[PDB]
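Below is one structure, written out as structure tokens; the observations come after it.
FYI, it's all coordinate maths here, none of it is from the lab. Note that each Cβ is placed from the backbone with ideal geometry, even for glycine, and that neighbours are counted across all protein chains shown.
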Amino acid sequence: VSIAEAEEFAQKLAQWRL
Amino acid sequence: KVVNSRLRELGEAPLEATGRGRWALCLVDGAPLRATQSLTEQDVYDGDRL
Amino acid sequence: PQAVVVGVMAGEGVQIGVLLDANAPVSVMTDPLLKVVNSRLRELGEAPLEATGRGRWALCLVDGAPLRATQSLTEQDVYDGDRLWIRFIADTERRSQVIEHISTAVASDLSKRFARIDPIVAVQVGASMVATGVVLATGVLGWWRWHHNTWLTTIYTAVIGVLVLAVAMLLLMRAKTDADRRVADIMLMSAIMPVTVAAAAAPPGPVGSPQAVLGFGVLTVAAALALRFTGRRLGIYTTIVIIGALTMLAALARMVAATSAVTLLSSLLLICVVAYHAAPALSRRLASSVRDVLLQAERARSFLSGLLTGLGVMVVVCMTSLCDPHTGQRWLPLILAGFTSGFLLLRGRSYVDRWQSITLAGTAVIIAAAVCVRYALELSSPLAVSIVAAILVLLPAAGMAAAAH
């Protein structure tokens, strides 16, 4: 995976918490 | 100011425009956000794009 | 130029007008874009878009092709006012399958990609063979009438015409599906030929102008009658009516009184020249609310295609009959054919339909080639053929080169 794809996934995951 | 400051460090031209109007934050469809309300009042959370 | 407004299509059919960033890469916008359409659908009270198992969200053209994730919206040929479609594409990954024994392996594989014969197709083959069979039967019976005036040709053909039409009626009434209709139509259409020669062969004495009046007349009548009660296969029946009608006028004139064939041929050519301009109007007058509009559109499209075909056939027969390598100003009809072809060659661009435009374009080329062949068969000598061969190959080469180069 590319750097862009990693940050894109990371931003989507950053929206959630326990 | 900080975005324009950062742009210059990247070597990119700062945000600039001509004509009557103003600068504001917008969504991906171009709809501007409310100028008088909190980001917590609107549906904004960590990782959103503007 | 910093942004572009476009219509984005979403689930089950809502179109939403949005102003997108013209230079960011497309992969950056699909996620927040999906949120916005869902927000509007949720407020509208419609069911939002949802994922299913394994897959991804993609942005495609109305043709379905997805846009390259790394390119900018301005880097692609997308302009303000265009429209796009947001879509979910499922994961295609699955295990690979292997078979060792070449005998079983070839059998299993080959059965997937190609279609075997079935009882539905078996009938259409037989139906096509019976149609071919009777058009051969009428041919030999007609050839016999050309040397004999006896009633045999009309007597024997008349019974065939009755039998083929009789069988067709039962098939039409018993039909249930599109496959059943195809078989019925092929059978009925085959009745037109035997009935047609059956009438034309009845008038005694040598064959010619007097019999011709009956033949092209009954032919035109039968084709029109079939079109009225069937209302299907519009284009082909329309073509038979036109070519039959114009031939009946010429037959009647020659039979009653005509100073020369050139006179009749010239008259027909002029009639056709004006008919090309009338064709779109004729087609247009010949024609839950959605059903009426689409039915009107396809019905109209069909009539023009058939109408153009009928005119194209007549001009080439007339034009090639008018020109002559020995009679008088041999060059006059040659150049006249050229000017007549130019109009058709240029006007073809005014119509959007592929087959309509191609038939018009093709109609001009065939006349030029046909004229050279006539001038090569007669007045035969090395100069004639040498010139015609070179002309026929250079002619289309220049046409394609001017368009492709």
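Here the condition is being among the hydroxyl-bearing types (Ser, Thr, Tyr), away from chain B (no Cβ under 14 Å) and within 30 Å of C:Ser108 (Cα to Cα); of C:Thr74, C:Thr92, C:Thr52, it holds for C:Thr92 alone. Selection of region C:20-58 for residues being buried (at least 17 other Cβ atoms within 10 Å of the Cβ) and hydroxyl-bearing (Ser, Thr, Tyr) yields C:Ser27, C:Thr30. Listed by position, the strands (runs of 3 or more DSSP E) contained in region C:2-87 that have at least 2 residues being within 21 Å of A:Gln15 (Cβ to Cβ) are C:55-61. Scanning region C:206-231 for residues that are touching a helix residue (DSSP H, G or I) at 6+ places or on another chain (Cβ under 6 Å), surrounded by 16 or more Cβ atoms within 10 Å (Cβ to Cβ) and hydroxyl-bearing (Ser, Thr, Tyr) returns a single hit, C:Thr220.
Looking across C:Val121, C:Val106, one residue alone is part of a helix (DSSP H, G or I), farther than 30 Å from C:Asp185 by Cα and of a type in the set (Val, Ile, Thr). It is C:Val106.
Evaluate region C:246-256: report whether one residue or more is surrounded by 13 or more Cβ atoms within 10 Å (Cβ to Cβ), over 16 Å from the mean Cα position of the chain (by Cα) and more than 30 Å from C:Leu165 (Cβ to Cβ). Yes, that holds for at least one residue. With respect to C:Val98, is the statement that it is of a type in the set (A, V, I, L, M) and part of a helix (DSSP H, G or I) true? Criteria not met by C:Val98. Residues in chain A that are more than 10 Å from chain B (Cβ to nearest Cβ) and loosely packed, with under 10 Cβ neighbours inside 10 Å were compared, and the one that is farthest from C:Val26 (Cα to Cα) is A:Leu18.
Condition check: loosely packed, with under 10 Cβ neighbours inside 10 Å and either closer than 30 Å to C:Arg40 by Cα or within 11 Å of chain C (Cβ to nearest Cβ) (or both). Does B:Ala17 satisfy that? Here the answer is yes, as B:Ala17 does meet what is asked.
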